Amino acid sequence: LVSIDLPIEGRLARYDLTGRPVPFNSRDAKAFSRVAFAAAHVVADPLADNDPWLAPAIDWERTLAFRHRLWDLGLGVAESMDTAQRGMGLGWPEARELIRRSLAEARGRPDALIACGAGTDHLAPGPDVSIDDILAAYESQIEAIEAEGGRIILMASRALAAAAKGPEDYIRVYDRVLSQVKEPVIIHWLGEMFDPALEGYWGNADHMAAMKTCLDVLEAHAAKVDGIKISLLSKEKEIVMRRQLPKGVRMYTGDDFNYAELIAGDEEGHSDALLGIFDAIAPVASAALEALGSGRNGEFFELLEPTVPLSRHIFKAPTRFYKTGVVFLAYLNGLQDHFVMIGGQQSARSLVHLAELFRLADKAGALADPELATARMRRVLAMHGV
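Residues numbered from 1 in each chain as written, not as in the entry; some residues may be left out. Heavy atoms only, no water. Residues with missing side-chain atoms left out of burial classes, pairs and counts.

Structure determination for this entry is recorded as X-ray crystallography, at 2.5000 Å resolution.

Of all six residues making up strand 7 (residues 185-190), six are buried, and the element is well covered by its neighbours. Neither face of strand 7 is open: one carries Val185, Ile187 and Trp189, the other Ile186, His188 and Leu190, and all of them are buried. Direction of pairing for strand 6 (residues 152-154) relative to strand 7: parallel, over a ladder of two bridges. Bridged to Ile153 within strand 7 is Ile186. (Buried < 20%, exposed > 50% of the residue type's maximum accessible area, 1.4 Å probe, protein only. Helix = DSSP H or I, 4+ residues; strand = E, 2+ residues; numbered from the N terminus. Pairing = 2+ DSSP bridges.)

What follows is about the layout of surface pockets. Each pocket or cavity is described by its volume, and for the largest pocket that value is around 270 Å³. Of the residues contributing to the lining of the largest pocket, the split by class is ten nonpolar, six polar and six charged. Taken as a whole, the second largest pocket spans an internal volume of roughly 230 Å³. Lining the second largest pocket are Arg242, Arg243, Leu245, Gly248, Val249, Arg250, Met251, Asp266, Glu268, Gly269, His270 and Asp272. For the lining of the second largest pocket, a count of residues per class yields three nonpolar, three polar and six charged. (1 Å grid on protein atoms, 1.4 Å probe; cavity = no way out; pocket = protein on both sides within 12 Å on 5 of 7 lines; lining within 4 Å. Points joined across faces, edges and corners; volume = space filled by probe spheres on them. Nonpolar A, V, L, I, M, F, W, Y, C, P; charged D, E, K, R; others polar.)

Before going further, it helps to examine the packing of aromatic side chains. Following the criterion strictly, the structure yields 17 aromatic pairs and no others. Between the aromatic rings of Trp189 and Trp202, the centroid separation amounts to 6.5 Å while the plane-to-plane angle is 90°, which identifies the pairing as edge-to-face. Of this pair, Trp189 sits in strand 7 while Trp202 is found in the loop between strand 7 and helix 6 (207-220), placing the two residues 13 residues apart along the sequence. The two residues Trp189 and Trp202 agree in class, both being buried. Ring pairing ties together the aromatic residues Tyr138, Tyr170, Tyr174, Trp189, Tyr201 and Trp202, which thus form one cluster. (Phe/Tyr/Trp six-rings, centres within 6.5 Å; stacked < 30°, edge-to-face > 60°.)

It is a probe the size of a water molecule, rolled over the atoms, that shows where empty space is left. Size it by volume and the largest cavity reaches roughly 80 Å³. Around the largest cavity, the lining is made up of 14 residues, and of these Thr83, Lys229, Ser231, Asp256 and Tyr322 lie nearest the centre. Of the residues contributing to the lining of the largest cavity, the split by class is seven nonpolar, four polar and three charged. By volume, the second largest cavity is sized at about 50 Å³. Along its surface, the second largest cavity is lined by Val22, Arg69, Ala280, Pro283, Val284, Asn333, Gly365, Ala366, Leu367 and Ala368. The residue makeup of the lining of the second largest cavity, split by class, is seven nonpolar, two polar and one charged.

Here we come to the nonpolar core. Counting residues in hydrophobic clusters, the biggest one holds 120 residues, and the most contacted among them are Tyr174, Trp189, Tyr201, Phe278 and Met377. If one sorts the elements of this core by residue count, helix 13 (residues 322-332) sits on top with eight residues. When sequence neighbours within four positions are dropped, the list of residues in contact with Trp189 reads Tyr201, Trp202, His207, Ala210, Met211, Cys214, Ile228, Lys229, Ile230, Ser231, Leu232 and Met241. Ranked by size, the runner-up nonpolar core spans ten residues in total, among them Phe37, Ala78, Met155 and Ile186. (Core = buried A, V, L, I, M, F, W, Y, C linked by side-chain atoms within 4.5 Å. Contact = heavy atoms within 4.5 Å.)

Before going further, it helps to spend a moment on the pairing of strand 2 (residues 11-16). By the bridge criterion, six bridges tie strand 1 (residues 3-8) to strand 2 in an arrangement that is antiparallel. For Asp5, the partnering residue across the bridge sits in strand 2 and is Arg14. If you look at the hairpin formed by strand 1 and strand 2, you'll find two residues sitting between the two strands, and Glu9 has a positive phi there, around 50°.

This part takes up the sheet that holds strand 4 (residues 76-79). Sheet architecture is closed into a barrel: eight strands sit in the order 3-4-5-6-7-8-9-10, paired in parallel fashion. With strand direction ignored, the average angle separating the axes of adjacent strands in the sheet is 30°. The pairing of strand 4 with strand 5 (residues 114-118) spans three bridges and is classified as parallel. Across the sheet, the residue bridging to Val77 is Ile114, located in strand 5. Where helix 1 (residues 60-72) meets the sheet, its contacts fall on strand 3 (36-39), strand 4 and strand 5, and the angle it forms with strand 4 comes to roughly 145°. Sitting on the sheet, helix 2 (residues 92-107) touches strand 4 and strand 5, and the angle it makes with strand 5 is about 165°. (Axes fitted to C-alpha atoms, helices over the stretch in contact; angles between N-to-C directions.)

In this section: the packing of helix 14 (residues 351-363) against helix 15 (residues 370-383). Closest axis-to-axis distance for the helix 14/helix 15 pair is 12 Å, and the angle between their directions is 170°. The angle between helix 14 and helix 15 falls in the class roughly antiparallel. Contact residues: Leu351, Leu354, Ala355 and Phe358 in helix 14; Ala373, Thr374, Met377, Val380 and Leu381 in helix 15. Taken together, the residues that form the contact of helix 14 with helix 15 break down as eight nonpolar, one polar and no charged. (Parallel < 35°, antiparallel > 145°, perpendicular 65-115°, else oblique.)

Structural data, given as structure tokens:
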């Protein structure tokens, strides 16, 4: 019986932990009936002589240990993605290095699925940045990744969102890029709540009309496109899109609010998964993907539905700070020994939010080690003078 006093409404109240941790169990992806990636976070080095809001310092050992944890659970790894703070703390040089190390770890394992974010993030949006400049940016990163034997997740581009004079520029850019990739790609449609500089991507401010342009690209280069990850957090928009998708082009859900419903699917289809939440609830997701693969849909929901409130909390407005809840949860689970983040983002959620995160994590069976989680929460409260 573990109990802790936690902040609610300016005051402090008893919370008794009541969750049964879902036990960590090693698993092979073949036990699943879905293709599931976790977009994995980065562990900062808390001893480096960096300026924390200006430039990052990474703990490689701790960062790579977390990729192995994901591979162990059968989950794939989506590297240097939005969850690894790409474009918002993690520059291209550090992203390229993380990609390089992770690929090398992967080849060291029989069971390591991994795909690497390739984009434009080394290029500043500019009033005279050209389409050619943008193609050069994409191919530069794409070639860098392919040289390390990586499959690509094709990221949305900040410079293109600012240079594009309509839908036709997206068509041309993705036409050259996709005809020049060497292997099937997963296209990433990242919404503005995650990246405000990706405003009106595909050439329209309206998501329903931007969808049209996006669908057109996938039709045009279907063989070169393994899938699309949508991160708009609009569940109706995903369902409508996954039904219009070409033969052999997968729908990877990016919807951390609605993943359980979407992964299980409807009477028309399901979607696969490429989720930042799968990082934070890795053990549970694994256990549930196994149940789903065993046609045991009841246990799938029993395991996953309790995480859903935790997830909605972690990704709540302002949503771009979800990474804080993810790394805080890693810290509670002892996957790292500190709560220091690239960009100094440990501080982007209130204490009240971190305490609520702890309760929802408890009730979702997402605290692997409740006693350790509780001690760590206590150290965090003490630091805040509680």
